[PDB]
Amino acid sequence: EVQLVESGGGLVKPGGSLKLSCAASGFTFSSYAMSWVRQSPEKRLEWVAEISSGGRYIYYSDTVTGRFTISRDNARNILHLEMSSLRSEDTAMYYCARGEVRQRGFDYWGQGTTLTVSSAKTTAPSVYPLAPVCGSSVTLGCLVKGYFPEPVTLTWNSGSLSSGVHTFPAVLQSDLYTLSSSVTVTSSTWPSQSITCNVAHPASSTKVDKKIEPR
Amino acid sequence: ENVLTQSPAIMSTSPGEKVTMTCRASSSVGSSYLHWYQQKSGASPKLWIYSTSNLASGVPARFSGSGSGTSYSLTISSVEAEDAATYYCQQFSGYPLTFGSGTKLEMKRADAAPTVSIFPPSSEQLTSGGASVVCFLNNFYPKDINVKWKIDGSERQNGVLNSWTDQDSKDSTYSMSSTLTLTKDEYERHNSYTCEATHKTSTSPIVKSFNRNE
Amino acid sequence: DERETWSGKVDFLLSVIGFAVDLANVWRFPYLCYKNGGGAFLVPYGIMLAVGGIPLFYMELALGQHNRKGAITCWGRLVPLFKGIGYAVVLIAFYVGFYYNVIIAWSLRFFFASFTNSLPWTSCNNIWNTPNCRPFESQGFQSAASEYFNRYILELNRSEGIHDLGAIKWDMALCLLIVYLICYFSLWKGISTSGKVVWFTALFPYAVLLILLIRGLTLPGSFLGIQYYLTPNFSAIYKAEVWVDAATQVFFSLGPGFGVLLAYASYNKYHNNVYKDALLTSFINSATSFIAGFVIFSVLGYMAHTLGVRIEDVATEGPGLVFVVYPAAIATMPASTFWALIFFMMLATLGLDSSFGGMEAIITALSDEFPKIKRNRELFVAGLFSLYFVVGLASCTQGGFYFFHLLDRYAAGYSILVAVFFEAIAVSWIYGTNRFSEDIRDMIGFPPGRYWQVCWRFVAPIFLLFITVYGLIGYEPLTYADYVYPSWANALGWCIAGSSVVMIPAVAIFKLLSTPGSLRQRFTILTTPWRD
Ligand SMILES: CCCCCCCCCCO[C@@H]1O[C@H](CO)[C@@H](O[C@H]2O[C@H](CO)[C@@H](O)[C@H](O)[C@H]2O)[C@H](O)[C@H]1O
Ligand SMILES: CC(C)CCC[C@@H](C)[C@H]1CC[C@H]2[C@@H]3CC=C4C[C@@H](O)CC[C@]4(C)[C@H]3CC[C@]12C
Ligand SMILES: CC(C)CCC[C@@H](C)[C@H]1CC[C@H]2[C@@H]3CC=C4C[C@@H](O)CC[C@]4(C)[C@H]3CC[C@]12C
Ligand SMILES: COC(=O)[C@H]1[C@@H](c2ccc(I)cc2)C[C@@H]2CC[C@H]1N2C
Ligand SMILES: [Cl-]
Ligand code: NA
Ligand code: NA
């Protein structure tokens, strides 16, 4: 029915400038004031800017204003802002969200688009098989370490078995993300068949598969 | 700005139980301008309750809301597991617009100790001139848990990466991952390697371990 | 940025309620339900109010608090091609002041004449009476309540027409002056006073309406008169002329087009909810009429019961009702002197609150144009009123009614109809509804439903045009009683009708010629809003 899609975004060096755009479909766009709302890794929702339908009325946040400019294309049904002089505190996932009626709040929300503002340099991940050890069911893993920035794709056996897997969150240490994923299978299944860990990093153009056994 | 503080921040609840969350503001707010959003983990927010009382579409009627002035509350009368999420409130009473701190719902479960898997440095990672050990603590409750690494009967604490998953929507358990960062020059000096897990389940801590000789 | 604001939320409403309420609620609302077939009439009155009447009342009030300034500037800052609309509207309000304010002078003259044990107008044996006189309203004879009002109060018998005004009646003079000394000191300083004063004038009638409402229903034939008022005949639903009366009433009674609601609303806060205020003000107005409808006929039945008079004689609209028919009844009942003083006091407070908005929409309109007259309202009005007063001696003259009726049937009659039509079109088309809505969403936080603009963009013009179409069909030369107005007076009346409208094409023409550049791109300058 109603879809909103934010595009653009990615890694940006501090002071750098960028902006993304929301593609609205399924409703008459001219008649609904839009708004941009962002959410940090602390998972706290902050408002950024609102724009009226004809866009003659524009409201900004004070942590933002002057570094951010919100724009509206009704003809093509496009909403985008404009960002300049970014900070590392400007890092978040940015949401396209609409409501015309204040009394009614925000009806529909985009899928979100990530933005990471960092002086840090892009680097591709190392992937290691975690295998054991020297039982009824067995546990394995691939340790994915030393990459920047998220996001990454980690699946098992070409995304075959989704059951029994635990993919932990990345954590940043020394301007680098570490990650690992644990799965459990039947001691019969392995090593009797073969199992692969599949990592995917878009930003570094990295794509990896790997297998595990006793040695 | 009008700051909305929400309490309580984390909330554990067993199914069917009644839960209420509070949202309190620094300044008085127009009764109709308040709102409530539900955000499931790993997906965008949803509008839950608009105005103050009024529910949105697809919103089960087991949800209700109340209050005025600086005092508001969202109440889930009875709870299913499908209701586990983070809830946010918002005021349109004036610019700049503002969201509360958020209230995280997590289902309460019967206590279960972790099964601890311990994996060594990969054959490959060594060829990178370094080694790191991984401990896996899976399917336990509740979230708080403590790992302690030890080597050759000696334990010092540095360079370990601990990660806690969000709450499983299947069994409603957690999992933890602890990784010890170490050199290649190092860990050619020692042999015994140990990963311990102290939980609420057993005063006796879960002990897994490995020896460099195999 | 900063502009003065109302003392309180109420002071605003009371002003608009007061302004919008006057003797049109009394003397034309009851009579319409009667001759148009009772509560049945409330159907077409309802529809015309719903689709036609209120949307306009809403539009003038919204623009008021949004564009934040007077009628001119409000139409200046909106569509400068049409800025002339602001001008037209104001001098209309200017014109009306030459006559309308005269009514409260009659009320106070009656009021001043109401102090005594024995009322003067009950008797046919006085000096001003003629053999044609009868004690009450009769076919072919003159009621002693009419012969009082004409041969004594107005002295209108001593006038041969409009050409002969005769002598100025000074008992009226100081009465009219008293009105201006009141309207002065009400508007004398800011909305700081006037906003407070309306608490009396917009209220006091509702008090007097009550004690007359009960006193009227206690009378012997009251249960009858209400039947006359509301007894349904649904054949009228099919009558064209019924929707004309109802649509006209609905439109003329709410009062857009004098640039007042625009003016008053300007002192509103930007975010004050004016949609609620539009609906609530409307209701009170129609209600206040429907009520007094009950108040009149309960007194009317009583005359048809105890006093034994034909209904068709005493069921009437216009000043004749309140200054003749009603007081005729009252003098009969007990505590006579009491009922008079509150009735006339009510008539007075019914006029005052209304007149203020007109004078205010004039001042407020100018203050946002010429700054040093803002520096002093303060003797600006003093001239204006004394100007009113000096000219107001024409109506203070024996032929005064002939004068009065002339301005009435001409000044605001077709002038206000076309004046509004451009307001609609300019807003709904030139300015656009999309940007008119988008304005209101910033104001009250939500945009109007698909219903409202459908009234502004389509219904309203079809509605207004419908009124002037059947307005011309039913046209006759100006006449009062046996007196037919001289065609020069008719023409002179159209000048006062044309001098209002002529502002519109005047400023349209002037500006586009006074603008540089290509003729096609000098129009876009006048289509582009001040805010942009
Ligand atoms: C605050 C200022 C108050 C000023 C009042 C308004 C000015 C009115 C002046 C003309 O009216 C005068 O007074 C009476 C009307 O008020 C007239 O009738 C009166 O005539 C006798 C007055 O002595 C009484 O017996 C009658 O009841 C009464 O109708 C009277 O012919 C006339 O000279
Ligand atoms: C006779 C007295 C007592 C009451 C007069 C009736 C009036 C106030 C009623 C009759 C029909 C009503 C209208 C019915 C339809 C609507 C639609 C709504 O979206 C705006 C209000 C509006 C336009 C109502 C306004 C009030 C209304 C005009
Ligand atoms: C039967 C008749 C005589 C009763 C009339 C009662 C009168 C006094 C009623 C009718 C409508 C009422 C108004 C309705 C709305 C408001 C808005 C509020 O913010 C101030 C009071 C005010 C302005 C009310 C004042 C009292 C009021 C004017
Ligand atoms: C004289 O005509 C009026 O009384 C108008 C108006 C008005 C405007 C200016 C003046 I001086 C007097 C009345 C009051 C209300 C609102 C419109 C109409 N009345 C129904
Ligand atoms: Cl009416
Ligand atoms: Na009226
Ligand atoms: Na009035």
# chains A, B, ... in the order shown; residues from 1 in each chain; ligands from 1

$ select_by_dssp --residues "region 156-205 of chain A" --states "alpha helix (DSSP H)" --output "list in words"
residues 189, 190, 191 and 192 of chain A

$ residues_near_ligand --ligand "ligand 5" --cutoff "9 Å" --atoms "only C-alpha atoms and all ligand atoms" --output "VMD selection string"
chain C and resid 21 24 to 26 28 to 30 45 246 249 to 254 285 to 290

$ residues_near_ligand --ligand "ligand 1" --cutoff "6 Å" --atoms "only C-alpha atoms and all ligand atoms" --output "PyMOL selection string"
chain C and resi 109+112-113+116+171

$ write_last_selection --atoms "C-alpha atoms" --output "mmCIF file, in the first residue's frame"
data_model
loop_
_atom_site.group_PDB
_atom_site.id
_atom_site.type_symbol
_atom_site.label_atom_id
_atom_site.label_comp_id
_atom_site.auth_asym_id
_atom_site.auth_seq_id
_atom_site.Cartn_x
_atom_site.Cartn_y
_atom_site.Cartn_z
ATOM 1 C CA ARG C 109 -35.175 57.426 22.981
ATOM 2 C CA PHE C 112 -35.715 57.373 27.979
ATOM 3 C CA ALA C 113 -39.397 57.525 27.099
ATOM 4 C CA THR C 116 -43.387 56.342 33.889
ATOM 5 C CA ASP C 171 -33.981 64.781 21.254
#

$ residues_near_ligand --ligand "ligand 4" --cutoff "8 Å" --atoms "only C-alpha atoms and all ligand atoms" --output "ChimeraX atom specification"
/C:19-25,93-101,252-256,258,351,354-359,408,412

$ interface_residues --of "chain A" --to "chain B" --cutoff "7 Å" --atoms "only C-alpha atoms" --output "MDAnalysis selection string"
chainID A and resid 44:47 61 102:107 109:112 128:134 139 168:169

$ write_last_selection --atoms "C-alpha atoms" --output "PDB file, in the first residue's frame"
ATOM      1  CA  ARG A  44      16.770   6.886  21.188  1.00  0.00           C
ATOM      2  CA  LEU A  45      14.466   8.691  18.760  1.00  0.00           C
ATOM      3  CA  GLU A  46      15.249  12.307  17.984  1.00  0.00           C
ATOM      4  CA  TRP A  47      13.320  14.705  15.781  1.00  0.00           C
ATOM      5  CA  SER A  61      15.807  21.133  15.601  1.00  0.00           C
ATOM      6  CA  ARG A 102      -0.175  16.896  14.738  1.00  0.00           C
ATOM      7  CA  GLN A 103      -3.104  15.628  16.774  1.00  0.00           C
ATOM      8  CA  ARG A 104      -2.735  12.279  14.990  1.00  0.00           C
ATOM      9  CA  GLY A 105       1.073  11.810  15.148  1.00  0.00           C
ATOM     10  CA  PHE A 106       3.161   9.965  12.524  1.00  0.00           C
ATOM     11  CA  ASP A 107       1.092   7.602  10.356  1.00  0.00           C
ATOM     12  CA  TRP A 109       7.465   5.317   8.676  1.00  0.00           C
ATOM     13  CA  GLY A 110      10.179   4.498   6.177  1.00  0.00           C
ATOM     14  CA  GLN A 111      12.446   1.467   6.390  1.00  0.00           C
ATOM     15  CA  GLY A 112      15.228   3.785   7.505  1.00  0.00           C
ATOM     16  CA  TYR A 128      38.141 -17.295  10.947  1.00  0.00           C
ATOM     17  CA  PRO A 129      36.550 -20.716  11.463  1.00  0.00           C
ATOM     18  CA  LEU A 130      35.841 -21.596  15.024  1.00  0.00           C
ATOM     19  CA  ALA A 131      35.913 -25.309  15.436  1.00  0.00           C
ATOM     20  CA  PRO A 132      36.050 -27.796  18.307  1.00  0.00           C
ATOM     21  CA  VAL A 133      37.622 -29.182  20.298  1.00  0.00           C
ATOM     22  CA  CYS A 134      40.445 -31.713  20.868  1.00  0.00           C
ATOM     23  CA  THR A 139      28.512 -26.226  18.169  1.00  0.00           C
ATOM     24  CA  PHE A 168      25.848 -11.617  17.996  1.00  0.00           C
ATOM     25  CA  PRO A 169      26.071  -7.870  17.605  1.00  0.00           C
TER      26      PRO A 169
END

$ residues_around --residues "residue 157 (chain A)" --least-positions-apart "3" --cutoff "7 Å" --atoms "only C-alpha atoms" --output "VMD selection string"
chain A and resid 160 to 161 195 to 198

$ interface_residues --of "chain C" --to "chain A" --cutoff "10 Å" --atoms "only C-alpha atoms" --output "short mmCIF file (atom, residue, chain, number, x, y, z; two decimals) with N, CA, C and O atoms, in the first residue's frame"
data_model
loop_
_atom_site.label_atom_id
_atom_site.label_comp_id
_atom_site.auth_asym_id
_atom_site.auth_seq_id
_atom_site.Cartn_x
_atom_site.Cartn_y
_atom_site.Cartn_z
N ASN C 434 -5.03 24.86 -1.65
CA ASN C 434 -3.91 24.04 -1.21
C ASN C 434 -2.96 24.82 -0.30
O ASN C 434 -2.41 24.27 0.66
N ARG C 435 -2.76 26.09 -0.60
CA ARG C 435 -1.93 26.92 0.26
C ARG C 435 -2.75 27.58 1.37
O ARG C 435 -2.18 28.06 2.35
N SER C 437 -5.16 25.80 2.99
CA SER C 437 -5.20 24.69 3.93
C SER C 437 -3.88 24.59 4.66
O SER C 437 -3.83 24.59 5.89
N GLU C 438 -2.81 24.51 3.88
CA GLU C 438 -1.46 24.37 4.39
C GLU C 438 -1.15 25.44 5.43
O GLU C 438 -0.30 25.25 6.31
N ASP C 439 -1.82 26.58 5.32
CA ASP C 439 -1.70 27.65 6.30
C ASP C 439 -2.34 27.23 7.61
O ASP C 439 -1.76 27.36 8.68
N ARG C 441 -3.12 24.31 8.73
CA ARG C 441 -2.51 23.17 9.40
C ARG C 441 -1.37 23.63 10.29
O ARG C 441 -1.11 23.05 11.34
N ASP C 442 -0.68 24.69 9.86
CA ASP C 442 0.39 25.25 10.66
C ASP C 442 -0.22 25.97 11.85
O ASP C 442 0.38 26.06 12.92
N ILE C 444 -3.69 25.55 13.37
CA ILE C 444 -4.43 24.72 14.31
C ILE C 444 -3.93 23.28 14.38
O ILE C 444 -4.35 22.52 15.25
N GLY C 445 -3.03 22.90 13.48
CA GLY C 445 -2.37 21.61 13.57
C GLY C 445 -2.98 20.53 12.70
O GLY C 445 -2.44 19.44 12.59
N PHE C 446 -4.12 20.84 12.10
CA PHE C 446 -4.76 19.90 11.17
C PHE C 446 -5.44 20.64 10.02
O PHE C 446 -6.03 21.70 10.22
N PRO C 447 -5.35 20.08 8.81
CA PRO C 447 -5.98 20.64 7.62
C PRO C 447 -7.47 20.32 7.55
O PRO C 447 -7.90 19.29 8.06
N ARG C 531 4.09 36.67 1.61
CA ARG C 531 4.95 35.82 2.41
C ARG C 531 6.02 35.15 1.56
O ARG C 531 7.06 34.74 2.07
N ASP C 532 5.75 35.04 0.27
CA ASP C 532 6.69 34.40 -0.64
C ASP C 532 7.41 35.44 -1.50
O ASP C 532 8.25 36.19 -0.99
#

$ closest_atom_pairs --of "chain C" --to "ligand 3" --cutoff "6 Å" --atoms "only C-alpha atoms and all ligand atoms" --output "JSON lines"
{"residue": "C:10", "atom": "CA", "partner": "ligand 3", "partner_atom_place_in_ligand_line": "19 (O)", "distance": 5.2}
{"residue": "C:14", "atom": "CA", "partner": "ligand 3", "partner_atom_place_in_ligand_line": "23 (C)", "distance": 5.8}
{"residue": "C:203", "atom": "CA", "partner": "ligand 3", "partner_atom_place_in_ligand_line": "8 (C)", "distance": 6.0}
{"residue": "C:206", "atom": "CA", "partner": "ligand 3", "partner_atom_place_in_ligand_line": "3 (C)", "distance": 4.3}
{"residue": "C:207", "atom": "CA", "partner": "ligand 3", "partner_atom_place_in_ligand_line": "3 (C)", "distance": 5.6}
{"residue": "C:209", "atom": "CA", "partner": "ligand 3", "partner_atom_place_in_ligand_line": "3 (C)", "distance": 4.9}
{"residue": "C:210", "atom": "CA", "partner": "ligand 3", "partner_atom_place_in_ligand_line": "3 (C)", "distance": 4.1}
{"residue": "C:284", "atom": "CA", "partner": "ligand 3", "partner_atom_place_in_ligand_line": "11 (C)", "distance": 5.7}

$ write_last_selection --atoms "N, CA and C atoms" --output "compact mmCIF listing (two decimals), in the first residue's frame"
# COMPACT_ATOMS: atom_id res chain seq x y z
N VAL C 10 -11.97 34.59 25.91
CA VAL C 10 -13.38 34.93 25.93
C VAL C 10 -13.65 36.27 25.26
N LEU C 14 -16.74 36.75 22.68
CA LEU C 14 -17.80 37.68 23.03
C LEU C 14 -17.95 38.82 22.04
N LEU C 203 -23.87 39.83 26.33
CA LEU C 203 -24.47 38.99 27.36
C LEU C 203 -25.85 39.49 27.78
N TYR C 206 -29.04 38.16 26.49
CA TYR C 206 -29.32 36.78 26.89
C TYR C 206 -30.00 36.71 28.26
N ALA C 207 -29.70 37.69 29.10
CA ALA C 207 -30.40 37.83 30.36
C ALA C 207 -31.84 38.27 30.12
N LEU C 209 -33.45 38.26 27.41
CA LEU C 209 -34.13 37.28 26.58
C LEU C 209 -34.81 36.26 27.46
N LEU C 210 -34.20 35.97 28.60
CA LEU C 210 -34.73 34.95 29.48
C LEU C 210 -36.00 35.42 30.18
N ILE C 284 -24.18 29.71 18.38
CA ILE C 284 -24.75 30.71 19.28
C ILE C 284 -25.60 31.72 18.53

$ closest_residue --among "C:193, C:453, C:143, C:117" --to "ligand 2" --atoms "only C-alpha atoms and all ligand atoms"
C:453

$ closest_residue --among "C:134, C:271, C:520, C:66" --to "chain B" --atoms "only C-alpha atoms"
C:271

$ residues_near_ligand --ligand "ligand 2" --cutoff "10 Å" --atoms "only C-alpha atoms and all ligand atoms" --output "ChimeraX atom specification"
/C:39,41-55,250,275,278-291,448-452

$ select_by_dssp --residues "region 82-194 of chain A" --states "strand (DSSP E or B)" --output "MDAnalysis selection string"
chainID A and resid 82:83 92:98 108:109 113:117 123 126:130 137:148 153:156 165:167 171:172 177:186

$ atom_distance --atom1 "CA of residue 184 (chain A)" --atom2 "CA of residue 171 (chain A)"
22.9 Å

$ atom_distance --atom1 "CA of residue 5 (chain B)" --atom2 "CA of residue 59 (chain B)"
23.9 Å

$ atom_distance --atom1 "CA of residue 527 (chain C)" --atom2 "CA of residue 59 (chain C)"
19.3 Å

$ closest_residue --among "C:350, C:182, C:330, C:497" --to "ligand 6" --atoms "only C-alpha atoms and all ligand atoms"
C:350

$ residues_around --residues "residue 151 (chain B)" --least-positions-apart "3" --cutoff "7 Å" --atoms "only C-alpha atoms" --output "VMD selection string"
chain B and resid 154 to 155 192 to 194

$ write_last_selection --atoms "N, CA and C atoms" --output "mmCIF file, in the first residue's frame"
data_model
loop_
_atom_site.group_PDB
_atom_site.id
_atom_site.type_symbol
_atom_site.label_atom_id
_atom_site.label_comp_id
_atom_site.auth_asym_id
_atom_site.auth_seq_id
_atom_site.Cartn_x
_atom_site.Cartn_y
_atom_site.Cartn_z
ATOM 1 N N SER B 154 45.887 -18.858 36.199
ATOM 2 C CA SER B 154 46.012 -17.430 36.454
ATOM 3 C C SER B 154 45.071 -16.648 35.552
ATOM 4 N N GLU B 155 44.400 -15.660 36.124
ATOM 5 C CA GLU B 155 43.422 -14.891 35.378
ATOM 6 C C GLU B 155 43.682 -13.410 35.525
ATOM 7 N N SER B 192 47.386 -24.124 29.336
ATOM 8 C CA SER B 192 46.011 -24.253 29.803
ATOM 9 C C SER B 192 45.178 -23.018 29.485
ATOM 10 N N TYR B 193 43.970 -23.240 28.982
ATOM 11 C CA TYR B 193 43.042 -22.146 28.727
ATOM 12 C C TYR B 193 41.666 -22.450 29.285
ATOM 13 N N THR B 194 41.089 -21.478 29.978
ATOM 14 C CA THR B 194 39.846 -21.701 30.694
ATOM 15 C C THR B 194 38.849 -20.567 30.505
#

$ closest_atom_pairs --of "region 66-177 of chain B" --to "region 14-27 of chain B" --cutoff "9 Å" --atoms "only C-alpha atoms" --output "tab-separated table"
residue	atom	partner	partner_atom	distance
B:69	CA	B:27	CA	7.9
B:70	CA	B:25	CA	4.9
B:71	CA	B:24	CA	5.1
B:72	CA	B:23	CA	5.2
B:73	CA	B:22	CA	4.5
B:74	CA	B:21	CA	5.3
B:75	CA	B:20	CA	4.3
B:76	CA	B:19	CA	5.3
B:77	CA	B:18	CA	5.0
B:78	CA	B:16	CA	4.6
B:79	CA	B:16	CA	4.4
B:80	CA	B:15	CA	5.3
B:81	CA	B:15	CA	6.4
B:87	CA	B:21	CA	8.8
B:88	CA	B:23	CA	8.8
B:89	CA	B:23	CA	7.0
B:100	CA	B:23	CA	7.2
B:101	CA	B:23	CA	8.9
B:102	CA	B:23	CA	8.8
B:103	CA	B:21	CA	7.2
B:106	CA	B:14	CA	8.7
B:107	CA	B:14	CA	5.6
B:108	CA	B:14	CA	4.4
B:109	CA	B:14	CA	6.7

$ write_last_selection --atoms "C-alpha atoms" --output "compact mmCIF listing (two decimals), in the first residue's frame"
# COMPACT_ATOMS: atom_id res chain seq x y z
CA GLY B 69 -0.94 17.36 31.96
CA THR B 70 2.55 16.03 32.64
CA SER B 71 1.26 12.53 33.44
CA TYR B 72 0.52 9.80 30.89
CA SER B 73 0.47 6.03 30.81
CA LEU B 74 0.31 3.22 28.29
CA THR B 75 -1.33 0.09 29.64
CA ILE B 76 -1.21 -3.38 28.15
CA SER B 77 -4.07 -5.13 29.91
CA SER B 78 -2.93 -8.69 29.24
CA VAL B 79 0.23 -9.65 27.40
CA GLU B 80 1.18 -12.03 24.65
CA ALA B 81 4.76 -12.54 23.54
CA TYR B 87 7.59 1.89 23.30
CA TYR B 88 8.06 5.61 22.71
CA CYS B 89 5.82 8.59 23.44
CA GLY B 100 10.57 9.94 25.45
CA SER B 101 13.51 7.80 26.57
CA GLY B 102 11.66 4.61 25.70
CA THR B 103 10.40 1.59 27.62
CA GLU B 106 11.03 -8.24 27.49
CA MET B 107 9.18 -11.45 28.28
CA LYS B 108 9.85 -13.15 31.59
CA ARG B 109 10.94 -16.78 31.40

$ closest_residue --among "C:63, C:130, C:248, C:115" --to "ligand 6" --atoms "only C-alpha atoms and all ligand atoms"
C:248

$ residues_around --residues "residue 82 (chain A)" --least-positions-apart "4" --cutoff "6 Å" --atoms "only C-alpha atoms" --output "list in words"
residues 19, 68, 69 and 70 of chain A

$ write_last_selection --atoms "N, CA, C and O atoms" --output "tab-separated table (two decimals), in the first residue's frame"
chain	number	residue	atom	x	y	z
A	19	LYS	N	23.28	14.30	1.69
A	19	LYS	CA	21.92	14.02	2.13
A	19	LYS	C	21.23	12.89	1.37
A	19	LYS	O	21.57	12.56	0.24
A	68	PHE	N	21.69	21.72	8.57
A	68	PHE	CA	20.73	20.86	7.88
A	68	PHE	C	19.71	21.68	7.14
A	68	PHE	O	19.24	22.70	7.64
A	69	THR	N	19.34	21.23	5.94
A	69	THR	CA	18.30	21.91	5.19
A	69	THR	C	17.36	20.91	4.53
A	69	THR	O	17.80	20.05	3.80
A	70	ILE	N	16.07	21.06	4.79
A	70	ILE	CA	15.09	20.10	4.30
A	70	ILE	C	14.39	20.57	3.03
A	70	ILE	O	13.99	21.72	2.91
